[PDB]
């Protein structure tokens, strides 16, 4: 049958992304036919593989239908003056010291072409899975980049969030960080989980496959190598906090 692959929060973690894409190639040998991909942010920003992540997405988009939308971290980079000489503007932003470091590094490594790529990324996902209209945004409908839809809340919580977008059958968001599939009277609120941004310990690249016909959601978890990411963080001189996030999780 046919499913739509939904991924989110790669956050510059190339190994996690590669593991996920390879699992998908394998599932296609298992009866899954994947007509298109939805990739929610953050795309880059935390882990040291910004260029490899974008290249992998660009390559996928050439042979498959890929719709990508930017996340908070992507926007913090894209919003900078196009010909800024450095990422110093970041030191004034109200964000943790560790994020300031990774964002600066990302800004630099991306170069002008990488930064322009982020600037071309849409903010909103408006498409249909099957014959069903769906809407997608990084944070929440009320606030695209700073809004946070929490996982583990009662149906009433999700019902109120879905109301403003009740014309859509499904709302796709990245902020919950964990697999979420909440049916409400106004439609379903869904989070595919997190690809490369660990929410806690023993993180596994997580994403979702949604049935284009029935809209049912299946969540997939795939292991990836954290040691090579740890080594890269060290080699690149990034904050120890980034390693702590890798193994114990952290919030956006």
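Numbering follows the first chain given and starts at 1.
Across the two stretches, 23-31 and 192-200, the PDB entry reports the greater mean Cα temperature factor for 23-31. For the pair 73-81 and 87-95, the mean B factor over Cα atoms is greater in 87-95. Take 177, 128, 119, 166 and read off each C-alpha B-factor from the entry; 128 has the highest. For the set 159, 148, 181, 133, the maximum C-alpha B-factor listed in the entry falls on 133. Among all modelled residues in its chain, residue 214 ranks in the highest third by Cα B-factor. When the CA B factors of the chain's modelled residues are split into thirds, the value for residue 252 lands in the highest one. Residue-level temperature factors show residue 38 in the lowest third of its chain, judged at the C-alpha atom. Ranked within its chain, residue 49 lands in the middle third, by CA B factor from the PDB record. In this PDB entry, residue 62 carries a Cα temperature factor that places it within the highest third of its chain's modelled residues.
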